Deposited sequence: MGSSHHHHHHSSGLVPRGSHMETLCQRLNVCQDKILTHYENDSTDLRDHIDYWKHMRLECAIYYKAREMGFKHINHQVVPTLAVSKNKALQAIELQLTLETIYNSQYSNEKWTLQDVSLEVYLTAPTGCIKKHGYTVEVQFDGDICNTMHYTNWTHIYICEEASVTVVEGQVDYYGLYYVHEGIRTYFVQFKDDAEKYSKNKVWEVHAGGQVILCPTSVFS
């Protein structure tokens, strides 16, 4: 075991680093990376179950940490596999496109690409920065549809199957930071001003 776990982790961790070095744009390679990310969790989970506090002088996480990371790896592996079976399969996909960091940025649980900043001024440049995305992949059990990140006076949203879904509502930050609920949105084009009447 000791040896067996060490050798398995070493092989697993070498594959992960090789993916990092190569920086491929082929979706197939990203699938294999996330499968290795998932396998690493199974190795640490077993090491922890066996009572090891380190493997090769590297900390072995608690079981709950390894379970949670394997769930994250699974979500990414599955998503990429659904994309692999769709019409979007042959696009360019970068490692950062398929990273957990992107995946969890609003809108959470979605691979996304071609991100850019939208800035909201809550009175004169409290000024917040938010990421919008031209390509948002909505993956379900047997399908995927790419939608575009759109920008409102009210926030950032997409429209999927007819349904407009806001993933950022600018009023949330305004009520947390500012005194007035009136702002100006800059997103790479005409500033967006409040479209309704403003009062006393």
| task | No C-alpha coordinates anywhere in a stretch? Then put that deposited-sequence range on the list, in order along the chain. | result | 1-19, 145-146
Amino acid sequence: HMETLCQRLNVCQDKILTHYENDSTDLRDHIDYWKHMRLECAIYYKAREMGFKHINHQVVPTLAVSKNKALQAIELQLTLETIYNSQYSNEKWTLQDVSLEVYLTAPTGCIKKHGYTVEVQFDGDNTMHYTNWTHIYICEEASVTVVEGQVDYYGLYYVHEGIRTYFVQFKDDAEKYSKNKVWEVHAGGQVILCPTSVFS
From here on, numbers count along this sequence of modelled residues.
| note | For 116-124 versus 94-102, entry-based mean Cα B-factors point to 116-124
| Comparing 171-179 with 153-161, the one whose average Cα B-factor in the PDB entry is higher | 171-179
| query | Among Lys69, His135, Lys53, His30, which residue carries the highest C-alpha B-factor recorded in the PDB entry? | reply | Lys53
